[PDB]
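Have a look at the structure below, then the notes.
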Ligand SMILES: [Ca+2]
Ligand SMILES: [Ca+2]
Ligand SMILES: [Ca+2]
Ligand SMILES: [Ca+2]
Ligand SMILES: [Cl-]
Ligand SMILES: [Cs+]
């Protein structure tokens with residue numbers, strides 16, 4: 008079926024990249040297909056199955072964006088307001104001039120990629136934010152940032168008068184039916200927690216860290232992520248406000264060369280060449296500041312685009328692609344951090360082989 012297209016491509020991918028195990032979800036009108044391949048843990052050979060939890064790394068940022076968007080829909084968060092309006096401990100800092108929208112689009116004045124070493128907790132984090140000097144013009148330059156999306160998370164939590172994780176669960180994960188999605192894997196599920204494999208073939212698992220929940224900390228199944236994708240594709244039963252919040256995460260906010268930056272989601276007009284997709288996932292886009300032009304004709308979610316997001320940890324590699332015009336989506340989770348180029352190629356070949364591009 009679909010499996011005759013999908014299975015050979017994932018077998019070849021897993022052999023070429025030496026991926027121990029994968030979980031794949033294909034979302035289409037007429038339904039969602041879940042497929043599991045290989046081993047959750049190379050050392051034990053425990054197979055990947057419906058219960059296997061994968062670290063999704065930066066794919067976690069899509070949930071942070073979705074909660075932020077819901078707070079906005081509920082009228083509790085103004086996306087263009089200074090972040091210091093919701094975190095008054097940052098009054099008088101650069102965050103008087105930086106907005107939640109900036110943070111969701113990585114246009115927060117060059118806010119850096121990583122949490123610095125000297126930041127070890129919430130207090131030292133907030134002290135660091137207060138002292139930090141922008142290095143790029145706010146709203147005119149994109150630097151991919153864990154500090155930024157992390158702060159959007161803090162801002163959102165404050166705007167909703169709740170703690171980030173329980174609030175995320177109550178307002179987003181639960182209404183989406185994402186009951187196998189964890190920030191902290193309980194002891195009772197550790198036997199289902201896949202073991203990562205790093206680039207040297209060594210076992211590895213993500214460590215806790217500041218802003219982990221907000222920026223990279225989710226462990227989940229392909230099926231749970233498929234619920235989020237289904238909602239993005241208008242294929243789920245979700246209340247009006249959450250649907251509105253989800254749709255708003257796909258609004259185009261900045262043109263960044265060939266890429267359009269939405270709320271964490273990144274997209275490209277169709278037809279898109281794989282090279283363009285590759286250039287979105289490399290050094291030039293991820294590790295350098297890129298000029299960003301605000302779309303203030305604020306772009307309505309489009310139906311003629313390739314929408315995507317990568318996510319990695321040291322031992323895991325994930326990729327989501329959505330084609331709203333075809334009402335189809337793809338979630339690929341692996342317990343190996345394998346090259347973004349190969350994620351793009353596999354996704355493209357799958358979607359092309361299914362006739363969706
Ligand atoms: Ca406003
Ligand atoms: Ca099990
Ligand atoms: Ca945490
Ligand atoms: Ca090739
Ligand atoms: Cl970090
Ligand atoms: Cs849960």
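In the deposited numbering, the protein residues as written are 8 to 364. Cβ coordinates follow ideal geometry from the N, Cα and C atoms, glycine included.
Asked, Found
"Identity of the residues DSSP links to residue 297 by a beta bridge", "149"
"Cβ pair residue 239, residue 61 closer than 8 Å", "no"
"Selection from 89, 363, 229 and 318 that minimises the alpha carbon distance to residue 279", "363"
"Distance cut-off 7 Å: residue 103 Cβ against heavy atoms of ligand 1", "no"
"Proximity test, residue 352 beta-carbon vs ligand 4 heavy atom, cut-off 7 Å", "yes"
"Host beta strand (DSSP E) of residue 340 (start-end)", "335-341"
"Start-end ranges of the alpha helix (DSSP H) lying completely within the stretch 231-268, minimum 4 residues", "247-256"
"Helix, strand or coil at residue 221 according to DSSP, with G and I counted as helix", "helix"
"Option nearest residue 73 by Cα separation, candidates 265, 221, 195 and 264", "221"
"Same chain, Cβ closer than 7 Å to residue 281, five either side skipped, listed in chain order", "351, 352 and 355"
"Alpha-carbon spacing of residue 253 relative to residue 316, whole angstroms", "15 Å"
"Contact check, residue 272 vs residue 256, beta carbons under 8 Å", "yes"
"Beta-carbon proximity check, residue 306 vs residue 251, cutoff 8 Å", "no"
"Three-state secondary structure (DSSP) of residue 213", "coil"
"Given residue 339 as reference, the closest of 326, 347, 79 and 127 once Cα atoms are compared", "326"
"N- and C-terminal bounds of the beta strand (DSSP E) containing residue 327", "324-330"
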